[PDB]
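As a plain string of letters, each chain reads:
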Amino acid sequence: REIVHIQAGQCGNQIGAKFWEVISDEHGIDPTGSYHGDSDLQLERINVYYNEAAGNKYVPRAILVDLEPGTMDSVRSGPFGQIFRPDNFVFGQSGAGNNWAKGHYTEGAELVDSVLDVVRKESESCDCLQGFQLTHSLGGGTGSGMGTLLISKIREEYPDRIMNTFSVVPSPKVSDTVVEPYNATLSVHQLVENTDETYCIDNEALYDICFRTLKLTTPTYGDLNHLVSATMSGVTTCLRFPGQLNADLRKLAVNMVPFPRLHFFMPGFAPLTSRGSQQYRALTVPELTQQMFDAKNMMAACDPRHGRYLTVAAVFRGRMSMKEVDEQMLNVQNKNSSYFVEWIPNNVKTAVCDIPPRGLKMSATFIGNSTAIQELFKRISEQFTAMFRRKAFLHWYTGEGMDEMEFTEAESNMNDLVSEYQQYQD
Amino acid sequence: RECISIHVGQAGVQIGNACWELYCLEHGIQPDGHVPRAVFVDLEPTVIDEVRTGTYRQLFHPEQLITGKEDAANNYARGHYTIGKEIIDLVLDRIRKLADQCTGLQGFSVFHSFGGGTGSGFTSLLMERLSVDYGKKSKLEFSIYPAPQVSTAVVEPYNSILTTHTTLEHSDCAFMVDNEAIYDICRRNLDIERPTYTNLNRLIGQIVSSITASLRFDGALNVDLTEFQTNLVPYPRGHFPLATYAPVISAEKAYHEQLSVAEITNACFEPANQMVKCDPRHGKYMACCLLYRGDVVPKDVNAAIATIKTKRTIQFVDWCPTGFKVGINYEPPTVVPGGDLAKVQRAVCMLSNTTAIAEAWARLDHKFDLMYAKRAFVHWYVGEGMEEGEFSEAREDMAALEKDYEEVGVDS
Amino acid sequence: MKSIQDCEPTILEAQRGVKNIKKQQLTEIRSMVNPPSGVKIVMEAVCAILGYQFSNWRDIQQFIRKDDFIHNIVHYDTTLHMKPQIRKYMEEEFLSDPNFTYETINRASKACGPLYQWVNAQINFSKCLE
């Protein structure tokens with residue numbers, strides 16, 4: 001069963017830091033790595049995510065990849081730094097120059113072996129290795145270029161494990177680098193063929209939700225990450241606790257992807273509320289469904305209603321009646337009936353774990369697979385062409401040995417992918 | 001004497017787990033007396049783990065809780081071929097150390113579901129391997145079939161149409177029940193708003209007791225498994241009766257204890273207690289086996305059946321003159337403390353074969369079709385060893401099972 | 001006549017065949033970790049034709065996994081009029097044995113057929129070059 005994390009890049013590293021913060025807490029593991037959790041129930045699966053080093057330290061099995069040494073020295077100095085094993089840190093040395101080509105050839109191309117190794121040293125640890133999580137960001141250096149190179153090696157090494165990817169897709173209307181379309185497109189092409197689950201988080205949609213749904217003054221990058229990290233825990237770990245209907249990753253995936261061109265989901269979390277108005281009653285389930293199916297609770301910026309959904313999968317986690325669950329689901333399919341592709345009979349794939357996530361009385365992740373996500377690759381595709389046309393920064397790529405024709409490819413390719421997505425919209 | 005039991009799947013173990021309690025409780029088995037007689041198989045550890053852990057640890061002798069470590073999944077193909085293959089052996093072996101142990105057993109209660117991954121796949125080839133080693137025993141399966149509206153999967157139709165054609169030709173007798181139709185009862189005739197897979201399981205846990213446990217209690221007019229198959233097929237096709245159990249009444253809202261044979265018996269025929277979302281009110285019955293248990297004196301019974309026989313709104317297929325085997329076992333129903341049901345003194349587990357189930361296949365056939373028309377999730381199956389044959393040809397089969405249940409009405 | 005004419009509607013045949021192969025149909029094909037035997041054998045025939053010779057399933061995954069998977073198929077040779085020694089091989093290994101037959105494979109997978117025709121064409125053409 002066990003499974004193996006990978007944090008590439010600055011974002012991808014940062015998030016990591018909250019994520020192991022989360023998980024750890026959900027098994028009551030100290031920062032030192034010694035267990036002090038609440039109930040035995042915990043401990044039983046830990047395995048999934050840890051390794052025991054010597055009856056005390058449970059060390060996370062992760063890999064931390066980055067070319068800029070300043071990175072790693074912030075994470076190991078964090079509140080949960082102690083918990084790794086130093087080997088796990090694989091830095092580069094060079095800068096992560098924001099150039100996909102510099103990542104995906106050249107510099108990253110050097111560093112690869114010093115990763116690939118470690119992944120085998122880790123794989124041959126135990127059990128049946130389920131898969132890899134890869135978190136990383138499409139904007140930075142190491143992420144789109146180099147990290148997209150990485151997978152292609154993993155997917156040659158174990159061409160049968162799953163690959164979850166959390167990409168921090170760049171929010172086209174709230175920019176932060178001027179190469180964005182180069183860094184996005186060059187990777188997406190590679191991505192769409194080698195990974196089994198991609199979870200797109202539009203960075204500002206993430207903003208929004210914190211400033212408007214939860215309502216905080218100041219959304220640090222730190223916050224956001226914190227919120228995200230609940231969702232990728234909200235998928236998996238969760239199922240690694242006994243429930244009423246345990247169905248994870250494999251199941252999960254194979255409930256979702258009808259055609260084989262991968263498809264990307266859009267995560268949505270659920271009992272998320274302002275601090276003050278947390279006070280007003282709820283938590284019974286219709287609110288959770290209330291949440292989830294709203295556009296302002298998508299962590300991805302396309303708003304569903306401009307698409308339909310193809311499959312949707314709610315992984316709940318508390319104590320409750322399956323009838324009031326199954327029931328909701330139904331209603332939802334009738335109230336928003338035009339938002340569903342028809343030739344799927346029943347869309348929702350309910351799964352229901354048990355254990356609650358710490359302070360909450362019960363929570364519930366949503367993973368929706370909508371055609372609304374066409375409207376993301378459009379944006380990207382636009383930006384690209386518009387500047388490809390004038391070859392704007394092109395030389396920094398060209399100069400590393402990338403032809404232009406790759407630039408055609410990726411574009412072509414990726415544009416056609418938008419195409420697909422509509423064909424099964426209407 | 002006894003008759004072994006097989007729980008397969010994410011689901012199936014849960015059912016077992018309830019039931020096996022009740023079952024034991026009924027004989028008053030100490031939570032430490034003579035060891036159970038069954039097995040539990042499933043590939044994803046997590047379910048079985050509970051049973052190695054929760055109360056009822058002692059109760060089984062480990063060997064018989066077989067588990068995979070590998071990814072079960074949720075899709076026939078895999079479950080049939082690929083993964084499941086590995087396990088089969090180990091399993092078969094156990095049932096032969098347990099088959100050879102017992103003397104003069106009778107058959108296999110399978111609990112498999114078309115939900116969980118394995119439930120379909122596995123079972124399919126398990127039942128195959130059974131049919132060869134024990135070609136003559138009895139193979140009665142309680143399956144959980146997927147409701148019309150509520151569903152919790154999207155491979156649902158696929159996952160059950162692949163199981164059907166094979167199970168037809170390996171099984172003797174299939175009970176069907178479905179979740180959706182069970183909840184209803186829990187609201188209406190039992191009045192709770194908390195159903196969980198753990199409540200419904202307590203329920204099925206009753207219907208099953210009416211076969212074994214109680215039969216293992218002598219009374220006025222005991223019945224037998226062959227007796228079933230005999231009285232319930234009506235042609236040689238592994239036919240699909242539907243089950244119903246009847247004095248389901250909420251304790252405390254049962255001071256209404258002026259409650260008799262006549263009522264509980266009449267209380268079966270209403271489609272309100274249908275037990276699967278098919279209303280037989282426009283089907284034809286064709287053979288019913290009313291098993292009673294508790295204080296029942298034959299006559300009443302044999303009168304209450306007359307009344308039914310004369311209620312007219314029920315139809316009954318022509319060419320059966322009489323179709324009511326009657327079972328009386330003695331032993332009052334027993335009630336689990338965690339349960340809801342009320343400690344009645346007589347109950348009726350009537351089962352019966354009806355041309356109505358034409359319904360139930362249709363809604364499910366339909367589903368399948370749509371999707372197959374797009375070739376929807378096909379690559380998940382293909383890529384596991386399944387063939388496109390197995391698809392087209394498992395439709396066609398079930399088509400011609402829909403023809404039998406159609407034909408078998410209107411014979412004159 | 002100036003044309004040799006021998007097996008020309010085989011080169012209109014192999015050609016309609018290569019346009020019968022859809023790129024999404026390749027993606028569906030590549031995803032299958034372990035498909036029926038009927039699927040496996042067709043893929044072996046493709047390694048031999050493309051000139052990657054023999055392959056075990058493990059190896060086939062490695063091949064298709066390449067980025068030139070679609071590219072090489074859609075860009076493939078006009079005529080393999082050069083007669084490789086794959087010519088007698090592809091028969092001794094595939095056309096020799098009836099397992100490799102349109103029906104078997106087709107029933108195997110509804111995705112195979114066009115692929116099966118295309119391979120067939122590269123063979124029925126290879127007979128006329130002798």
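- By the method listed in its record, cryo-EM, this PDB entry was determined to a resolution of 3.94 Å.

- The name the PDB entry assigns to chain C is Dynein heavy chain, cytoplasmic, from the organism Saccharomyces cerevisiae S288c.

- As annotated in the PDB entry, chain A carries the name Tubulin beta chain and comes from Sus scrofa.
- Recorded in UniProt under Subcellular location, the annotation for chain A is "Cytoplasm, Cytoskeleton".
- Quoted verbatim from the Sequence similarities field of the UniProt record, the comment on chain A reads "Belongs to the tubulin family."

1. Overview of the UniProt feature "binding site: Mg(2+)" in chain A
All names here are of chain A.
Part 1 of the argument: Mapped onto this numbering, the UniProt entry gives "binding site: Mg(2+)" at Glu 68.
Part 2 of the argument: Tracing the backbone shows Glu 68 in the loop between strand 2 (62–66) and helix 3 (72–75).
Part 3 of the argument: Leave out the neighbours within four places in its chain, and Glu 68 touches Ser 94, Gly 95 and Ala 96.

2. Considerations on the sheet that holds strand 9 (residues 324–329) of chain B
All names here are of chain B.
Part 1 of the argument: Within the open sheet, the four strands sit side by side as 7-10-8-9. Their pairing is mixed. Among the strands making up the open sheet, the edge pair consists of strand 7 (242–245) and strand 9. When strand polarity is set aside, the average angle formed by the axes of neighbouring strands in this sheet is 15°.
Part 2 of the argument: The pairing of strand 7 with strand 10 (residues 346–354) spans four bridges and is antiparallel. Note that in strand 10 the partner of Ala 243 across the bridge is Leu 351.

3. So, the pattern of salt bridges
Part 1 of the argument: For the structure shown, the criterion picks out 57 salt bridges over all chains.
Part 2 of the argument: Here A:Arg1 ties to B:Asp71 by a salt bridge, and the two come within 3.2 Å at their closest N and O atoms. On the criterion of chain membership, the pair formed by A:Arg1 in the segment before strand 1 (4–8) and B:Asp71 in the loop between strand 3 (65–67) and helix 3 (76–80) is interchain, its members lying in two chains.
Part 3 of the argument: Across the salt bridge formed by A:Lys323 and A:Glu327, the nearest N and O atoms sit 2.7 Å from each other. Of this pair, A:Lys323 and A:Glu327 both sit in helix 13 (residues 322–335), separated by four residues, roughly a single helical turn.

4. Some words on the interface of chain A and chain C
Part 1 of the argument: In this assembly, ten residues from chain A lie in contact with ten residues from chain C.
Part 2 of the argument: Here chain A packs against chain C, burying approximately 950 Å² in sum over the two surfaces, 46% of which is carbon and sulfur.
Part 3 of the argument: The largest contributions to the chain A side of the interface with chain C come from A:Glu156, A:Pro159 and A:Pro260, which together make up 48% of the buried area.
Part 4 of the argument: For the interface between chain A and chain C, the tally reads two salt bridges.

5. Observations regarding the packing of helix 6 (residues 156–168) of chain B against helix 15 (residues 388–402) of chain B
All names here are of chain B.
Part 1 of the argument: At a minimum axis separation of 9 Å, helix 6 and helix 15 run at an interaxial angle of 65°. The crossing of helix 6 and helix 15 is left-handed. On the side of helix 6, the interface is formed by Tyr 158, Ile 161, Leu 162, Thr 164, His 165 and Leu 168, while helix 15 contributes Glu 390, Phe 391, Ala 394, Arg 395, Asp 397, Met 398 and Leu 401.
Part 2 of the argument: Within the contact of helix 6 with helix 15, the residues separate by chemical class into eight nonpolar, two polar and three charged.

6. So, the sheet that holds strand 4 (residues 107–111) of chain B
Residues and elements named next belong to chain B.
Part 1 of the argument: Taken in spatial order, the six strands make up an open sheet running 3-2-1-4-5-6, and their pairing is parallel. In the strand order of this sheet, the two ends are held by strand 3 and strand 6 (173–177), each with one partner. The mean inter-strand angle of the sheet, taken between neighbouring strand axes irrespective of direction, is 15°.
Part 2 of the argument: Of the pairings in the sheet, the one linking strand 1 (residues 5–8) to strand 2 (residues 38–42) comprises four bridges and is parallel in character.

Calculation criteria
- The residue numbers shown here are sequential, starting from 1 for each chain in the order of its written sequence. They can differ from the numbering used in the entry, and residues that have no coordinates are not displayed.
- For naming, the first written chain is A and the first written ligand is 1, with later ones following in the order written.
- Only heavy atoms go into the side-chain values, all of them from the structure, while hydrogens and water stay out.
- UniProt positions are given in the numbering used here, feature names are shortened, and annotations may be inferred rather than shown by experiment.
- Secondary structure elements are taken from DSSP: a helix is a run of H or I of four residues or more, a strand is a run of E of two residues or more, and numbering for both begins at the N terminus.
- Residue contacts are defined here by distance: any two heavy atoms, one from each residue, within 4.5 Å place the two residues in contact.
- Two strands form a pair only when DSSP identifies at least two bridges running between them.
- With axes taken as lines fitted to C-alpha atoms, and helix axes fitted only over the stretch in contact, angles between N-to-C directions fall between 0 and 180 degrees.
- Each salt bridge in this description consists of a side-chain nitrogen of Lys or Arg and a carboxyl oxygen of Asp or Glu lying within 4 Å of one another.
- Buried area: the accessible area, evaluated with a 1.4 Å probe, that two parts lose upon being put together, summed over both parts.
- By convention, the crossing between two helices is left-handed when the near helix turns anticlockwise from the far helix through less than a right angle, and right-handed when the turn is clockwise.
- In this classification, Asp, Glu, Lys and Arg are treated as charged, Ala, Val, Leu, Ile, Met, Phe, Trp, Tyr, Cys and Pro as nonpolar, and every other residue, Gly included, as polar.

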